[PDB]
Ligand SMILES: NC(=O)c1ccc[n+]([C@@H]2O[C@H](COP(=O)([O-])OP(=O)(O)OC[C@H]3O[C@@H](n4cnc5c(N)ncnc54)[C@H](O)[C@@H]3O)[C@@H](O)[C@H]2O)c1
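Single chain ahead, written as structure tokens, the form solved without the ligand.
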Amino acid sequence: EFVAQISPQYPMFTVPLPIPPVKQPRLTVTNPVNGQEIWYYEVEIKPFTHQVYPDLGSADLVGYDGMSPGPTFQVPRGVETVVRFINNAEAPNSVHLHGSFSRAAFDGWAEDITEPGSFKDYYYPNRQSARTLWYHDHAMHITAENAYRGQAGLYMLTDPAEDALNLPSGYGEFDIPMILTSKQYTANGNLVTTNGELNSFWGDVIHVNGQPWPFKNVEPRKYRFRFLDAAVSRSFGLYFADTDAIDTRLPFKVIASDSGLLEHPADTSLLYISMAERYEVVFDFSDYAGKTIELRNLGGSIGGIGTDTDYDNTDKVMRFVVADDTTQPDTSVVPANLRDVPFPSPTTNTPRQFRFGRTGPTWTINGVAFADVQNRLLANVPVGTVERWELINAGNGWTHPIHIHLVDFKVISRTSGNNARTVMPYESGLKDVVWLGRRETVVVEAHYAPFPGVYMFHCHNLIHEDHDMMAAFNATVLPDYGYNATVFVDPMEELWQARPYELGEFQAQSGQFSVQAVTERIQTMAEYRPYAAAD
């Protein structure tokens, strides 16, 4: 059962999968504290036109560096980065680096906005385990439309220790980004706006890396696929099938979740993935030489876990056309032992309860909306504490992928009121988003560490998030804690606020954008030592 497609008919599987280019830093600045190099980047948020339908008009987008997806960052563990996000668009922005324990003022607090004609310098630690992060807009009440129109990109945190694992490698070669979105188009090929949608924006056109229903030519060997659900509201149940046997699911392995590698690969033939979740998959095409393998999406609202509307072609994601032979021998492997996962110390303390539902017309957490400044701070947790949170969806009529900032967490338990599922094998490691499917209650366990500050948690269905399913917690310290905590706990701290710029000095790379000015600014930021407590 599915609904007729609304968007114009598209030429299925005729356009190759695009690969976002790697973003290169402009320069490096010596950290005056420790003498190590900090990589500095400039990203310009700007409108651009993109022809999605070959035979129609074009779509109006707004993206990081004028592309969508934004360019891919590739940063080694231990190297701090500063990214200057320059707003040259027409709406405010707030960048969230999802997956990073950034300080509160560098984390994308929804009120911490940059207006057009201003920029903000974000200072990132890059100390956590190798993982696929992503960076995307988070501006209050306009997050769905900003993300939908193109403000999302990948940020890979790498670790040379994992290179010894000899997994399939090479960005855009055998290590392939798979950014999933679900959108809708007008009869003339422009995007249909999410504005006015207060329930969920499902979309009827499935994209990978910004392209509707692409294909990729692949060799008959192993590939690493980095899946991200960057959709506004659509959740997926991904499986692979030979086009000659479209209903036989082909096995694959999940090797990583939001926060990094699993302890062991999880043998999988169906991957549930909801908004903002990342899973890394290895698929072996070697038994399918000369065949076409279709990446598909489970119907019936993700097999009854979700409520998503299904359309004529939302069961299709993309096609892999497998060559008869490899160019070079495949010498990659998937080891049985991937890593020691750094789970938090377990706690017996009663889980803190959070309920995700509606209060009248508004999506809420414990009956509160983010707009409610006096009531949105729902938890105080001393830094260093391990807490379990019980995340409750009592409803059959919505589902909610919940994101908690700052932390990595372990999924402890899931109970479905429909008896649909419990904890999945690929939820065995550490995560930062967890899907509350229909009538699901999930307990997660997290170390609220190592940095004090006020942070968000929310549903990552961006329609729900905007109206208004988002709250905050404060990871607290005592007054004698030190570490310059006083200037790093408040996300709106004036020191770190956006600053105005003139387009001339930006394009000329002078004034505030001269090497000297950038150097002085970054060296000043570095002296405050924001990430020292992790060292």
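One-based numbering along the sequence shown.
There is another form of this protein, the form solved in complex with the ligand, and it is not shown here; the text below is about that form.
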| query | finding |
| --- | --- |
| Open or blocked: site for the ligand, pose in the entry with it bound superimposed, 2.4 Å backbone/C-beta cut-off, 3-atom minimum | open |
| Proximity of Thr158 to the ligand in the entry with it bound, heavy atoms at 4.5 Å | no |
| Touches the ligand in the entry with it bound: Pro335 (any heavy atom, 4.5 Å) | no |
| 4.5 Å heavy atom contact, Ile246 and the ligand in the entry with it bound | no |
| Heavy atom of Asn199 within 4.5 Å of the ligand in the entry with it bound | yes |
| The ligand: the contacting residue among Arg226, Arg339, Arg352, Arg358 in the entry with it bound [heavy atom, 4.5 Å] | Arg358 |
| Contacting member of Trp398, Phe101, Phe119, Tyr426, with respect to the ligand in the entry with it bound [4.5 Å, heavy atom] | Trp398 |
| Contact segment among 390 to 398, 287 to 295, 68 to 76, 217 to 225, judged by heavy atoms lying within 4.5 Å of the ligand in the entry with it bound | 390 to 398 |
